[PDB]
Structures are given as C-alpha cells and as structure tokens.
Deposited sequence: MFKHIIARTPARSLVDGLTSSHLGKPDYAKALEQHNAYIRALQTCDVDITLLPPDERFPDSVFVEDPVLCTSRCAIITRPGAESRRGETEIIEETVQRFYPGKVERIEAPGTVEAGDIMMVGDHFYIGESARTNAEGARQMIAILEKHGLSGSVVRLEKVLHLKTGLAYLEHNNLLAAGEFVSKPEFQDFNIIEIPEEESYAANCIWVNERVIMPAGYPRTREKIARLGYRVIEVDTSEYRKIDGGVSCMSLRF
C-alpha cells in the first residue's frame, strides 16, 4: 500500500473539447486532494509554477517505485524542465535512491503502469525506445522488472489502462485483447466511458472521474470503495486522475 502522495497546484497558464477554465480547474484539483486526504496517506502539495502550464500532471516527471525513484525526461520539450522543479522533493523521499533518464531517451511516467514489481512501459511519441530501454535497465538493476507495450491509437498507456490490484485491470480500446494482459481479470471499459478507464487505486480506495455509472458499478461490485471526483476541466486536456499525483 501507499504512504505518500505528491501533487502540484495547477498554474494559471494551464488554460493556454475546449480550453480549461482556471477557477473551475482549481476547484476540481482541490476536491481531488480532499478525496486523497481520506486515503490514509500524507500529501505533499507543491506550489504552482506558471512556467510549466502542465506541471500539475506530476505523474510524468517521475516514476516512484518501492526501491527507488527515477527522474524521467518528457517528450514534450515544454515539460522537460518539470523534472528540475520536482527533483528536490523526490530527493527528500528517496535519499541515495534516485536514478534518471538521460538524453536522447525520453520517458513520461504516464506511459508506465505498475503491477507488483513489474512495470509496463508504453512506447509512444512521448516515450521513445531509448527511453524505455534505459528505464528497463534501471528497474532490472533494483530487482524489479519491466517490458514494453506498443500503443497504436493512444497517446499515454495509462489513458486506457489502470491496474487496481488483486489482478484486476481496467482496459479500453486497443488494450482489451493484448497478449500481455490476457491473465488479468480484465474489466473492459465501454467506448462511451473510455475516459473512466483511467482510475487510481489508493489503499483499497479507487478514485475515479465523476459521471461514469457502468464502470463505477463494475468497480464497486469488485469490492473497492469508490470515490468519484469531477475532473471535467482536465479531461479537456487529456488529463485523468492518475496524471495528477505520484503515489508510493
């Protein structure tokens, strides 16, 4: 289970299915935090940084494992500098246990799904081959393991996948019939609620976007305490609940 959460207040420059309204987005992020506030974890909420409109999505700049933290290197050049404004926080939680991705390799942790000590890395336009290769090398160095998953009609691996532990895996789109995931209790996500495929397990609680009944029902019947939070302003920019925090 998890003990720590890291998140970052969204910047006003975030606004630059429509553009997000700052005030509205600020409230949804607050509700997101408050929900996490009930999951028996502490929350380290970082200050907004107007220089990085997308810095609110702290999932990408780093991959926090149980044995080490790995500073990534975003594909988006405008997000690349987000690793430097989070290094110190990571350092404080992982003294002498920090690793990193070096150029020309690129990695965004949003393309990585943790399942026990194995990590599935989606090779995308944001995470190149060299990036995934480096990550896998570091993981296998610390007794962990990793493998690459080619993605076709998806930007981030975690956009259509979410492991909820106990072998339960929410899958949408191209992921439902992939050989690598055939052994998981796959819960297919209807194309109509494909957004809800992005959910986060947090100490037996499952925080999901508000407005997706079928999936919600499915998760509830599985034995999870469901907590739904409205993240409609973040949907407008391909952001889900897994994107807005680091969990370890």
| query | finding |
| --- | --- |
| Chain regions without C-alpha coordinates, deposited sequence numbering | 17-22 |
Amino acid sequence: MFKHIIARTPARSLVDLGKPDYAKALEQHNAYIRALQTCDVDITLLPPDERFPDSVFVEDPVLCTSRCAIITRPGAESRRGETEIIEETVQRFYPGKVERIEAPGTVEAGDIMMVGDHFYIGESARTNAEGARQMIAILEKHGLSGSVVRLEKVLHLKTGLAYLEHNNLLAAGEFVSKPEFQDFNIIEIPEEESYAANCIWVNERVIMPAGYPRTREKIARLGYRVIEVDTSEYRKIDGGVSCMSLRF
From here on, numbers count along this sequence of modelled residues.
query: Given 5-13 and 233-241, the range whose Cα B-factors average higher in the PDB entry; finding: 233-241
query: Higher-scoring stretch by recorded Cα B factor average, 181-189 or 32-40; finding: 181-189
query: Given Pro47, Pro53, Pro61, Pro213, the residue at which the Cα B factor reaches its maximum; finding: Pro213
query: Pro95, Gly81, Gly143, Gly105, ranked by C-alpha B-factor: the highest one; finding: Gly143
query: Modelled-residue ranking by C-alpha temperature factor, third containing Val90; finding: lowest
query: Entry-reported Cα temperature factor of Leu155, expressed as the chain third it lands in; finding: highest
query: Chain third (lowest, middle, highest) by recorded CA B-factor, residue given as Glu174; finding: highest
query: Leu164 CA temperature factor, ranked by third within the chain; finding: middle
query: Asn203 - which third its CA temperature factor falls in, relative to the rest of the chain; finding: lowest
